[PDB]
Amino acid sequence: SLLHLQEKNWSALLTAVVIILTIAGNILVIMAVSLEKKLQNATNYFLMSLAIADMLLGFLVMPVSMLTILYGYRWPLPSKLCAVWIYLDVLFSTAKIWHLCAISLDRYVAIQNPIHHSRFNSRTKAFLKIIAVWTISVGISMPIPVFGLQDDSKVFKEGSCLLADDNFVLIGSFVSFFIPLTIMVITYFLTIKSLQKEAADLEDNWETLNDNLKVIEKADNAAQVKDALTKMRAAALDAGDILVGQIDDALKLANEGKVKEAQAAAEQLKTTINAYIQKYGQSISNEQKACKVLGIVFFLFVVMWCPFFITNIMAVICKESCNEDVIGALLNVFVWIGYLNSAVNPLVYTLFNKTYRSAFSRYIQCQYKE
Ligand SMILES: NCCc1c[nH]c2ccc(O)cc12
Ligand SMILES: [Mg+2]
């Protein structure tokens, strides 16, 4: 006889906590993007869809995962509900990683194509990209019901419902989890470098505009102002229209010979430059702030699923050499480290965004009026 309820009830109280923090955390994120209007961009739109994936993992996968621990890891439901539960577990995790990849991808293309980002601002464009990812994730996870329902040996390992098939655990791990992991760690690295270069390029054009504002207010002739405005106008085009015609206003005074009159115009440009420099120089500050926080989302996904990901692959490499009972007893812990990651995507936003933090606080006092 089997399917016995046991006294594994340290686990029952601990796993219940993780389910609510997932469900309550990611509901507040879905409510934040749906209601708060400082969050209406493509990156925050993905984070909602990430939190829909996290929350449905809290509803559908994590209670059943708890329920198995309550019946000694012998599987209490119907046997054709084993292959459904693996399919949802793997679908929500595959949808998370391909979101996290696609954010880091969409963020990088936003910097290399500033003009394209204005065109790609559309919520419809964002939703199309999400709907690309979910239908990729349903595409990748689809062997688990199509084959597993047909053969109980691919989803049961001795009354235990788990992905027993080893070509599913191997090929899936590299198709669905190092192809979008590669693209995430390449494009996060290059996003840091594109915002390092353009911050470094703005300090270049800060010091050459500030250098020619020394030159014009020293100068004697209309050739030492004309050249010095020609080097301002060229290196003001390198920060892109607003200021160029005001330099062209100053350029025609140097081209006629009105030097004291061209020098006075250049002093009027000074404050125009400090306005346009404090603006775009706070823009790079904000993107590098956002890139840092999205990195913590990216880093904690990778770290918390990493003990589950390595040990599941060591189940397949030492299929002979190792304690299958100990590897089975570690994966049962290691899956819940990765489940816990559904609870921490919301908490990150709270610590690191005052817009998410304010919104969460108001909803806890039941205040939706923005
Ligand atoms: N999401 C990976 C499949 C899965 C679901 N529950 C599990 C429990 C144990 C295990 O080894 C694997 C699983
Ligand atoms: Mg200098």
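Recorded under Subunit (literature references left out), the UniProt text for the chain is reproduced unchanged: "Interacts (via C-terminus) with MPDZ and PATJ. May interact (via C-terminus) with MPP3, PRDX6, DLG4, DLG1, CASK, APBA1 and MAGI2. Interacts with GRM2 and DRD2; this may affect signaling."

Asks: For this particular structure, what's the right way to read the packing of helix α1 (residues 9-35) against helix α13 (residues 324-352)?
Replies: For any two helices packed against each other, one specifies the inter-axial angle together with the distance between the axes. Contact geometry for α1 and α13: axes closest at 8 Å, N-to-C directions at 35°. Taken as a pair, α1 and α13 cross one another with a handedness that is left-handed. Between α1, through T15, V18, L21, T22, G25, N26 and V29, and α13, the contact on the second element is made entirely by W336, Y339, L340, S342, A343, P346 and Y349.

Asks: Please explain the coordination of the magnesium ion (ligand 2) as it appears in this structure.
Replies: Ideal geometry at a metal centre: 109.5 degrees between donors when four sit tetrahedrally, and 90 or 180 degrees when six sit octahedrally. With distances of 2.0 to 2.8 Å, the protein atoms coordinating the magnesium ion (ligand 2) are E207 (OE), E207 (OE), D211 (OD) and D211 (OD). Taken together, the positions of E207 and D211, both in helix α9 (residues 179-218) and four residues apart, correspond to about one turn of that helix.

Asks: Explain the UniProt feature "transmembrane region" in the chain to me, please; I cannot follow it from the model alone.
Replies: In this structure's numbering, the residues bearing the UniProt feature "transmembrane region" are residues 15-31, 46-71, 81-105, 126-149, 167-192, 292-317 and 326-351. Regarding residues 167-192, the helix share stands at 88% and the strand share at 0%, and the terminal C-alpha atoms are separated by 36 Å.

Asks: Can you walk me through the pattern of salt bridges in this structure?
Replies: Pairing of side chains with opposite charge becomes possible as their charged atoms draw close. One pass over the structure, following the stated rule, counts 12 salt bridges. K80 is paired through a salt bridge with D152; the nearest N and O atoms lie 3.0 Å apart. Placement of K80 in the loop between α3 (62-70) and α4 (82-112) and of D152 in the loop between α7 (143-148) and α8 (166-175) is noted, with a sequence separation of 72 residues between them. Classification of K80 as partly exposed rests on a relative accessible area of 39%. Between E198 and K197 there is a salt bridge whose closest N-O contact spans 3.5 Å. Under the relative-accessibility criterion, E198 is labelled partly exposed at 27%. A relative accessible area of 42% places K197 in the partly exposed class. One connected set of salt bridges, linked through shared partners, spans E36, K38 and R362.

Asks: What is the right way to look at unusual backbone geometry in this model?
Replies: Trans is the common state for peptide bonds, and a negative phi is the common state for residues other than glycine. Phi at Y73 takes a positive value of approximately 75°, unusual for a residue other than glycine. For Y73, the position within the fold is in the loop between α3 and α4. Taking the relative accessible area as the measure of exposure, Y73 reaches 25% and is therefore partly exposed. Positive phi is not limited to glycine here, since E158 has a value of about 65°.

Asks: Help me understand the state of the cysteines in this model?
Replies: Each disulfide is one covalent bond, formed between the sulfur atoms of two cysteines. By the definition in use, this model includes two disulfides. One disulfide bridge connects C82 with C161, the sulfur atoms lying 2.0 Å from each other. Linking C82 and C161, the disulfide has an S-S dihedral of approximately 90° and is accordingly described as right-handed. Note that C82 is positioned in helix α4 and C161 in the loop between α7 and α8, a separation of 79 residues in sequence.

Procedures and definitions
- Residues numbered from 1 in each chain as written, not as in the entry; some residues may be left out.
- Chains lettered and ligands numbered in written order.
- Heavy atoms only, no water.
- Residues with missing side-chain atoms left out of burial classes, pairs and counts.
- UniProt positions renumbered as here; feature names shortened; annotations may be inferred.
- Axes fitted to C-alpha atoms, helices over the stretch in contact; angles between N-to-C directions.
- Helix = DSSP H or I, 4+ residues; strand = E, 2+ residues; numbered from the N terminus.
- Left-handed = near helix turned anticlockwise from the far one by under 90°.
- Contact = heavy atoms within 4.5 Å.
- Donors = N, O, S within 2.8 Å, 3.2 Å for Na, K, Ca; no water.
- Salt bridge = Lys/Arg side-chain N within 4 Å of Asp/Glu carboxyl O.
- Buried < 20%, exposed > 50% of the residue type's maximum accessible area, 1.4 Å probe, protein only.
- Disulfide = S-S within 2.5 Å.

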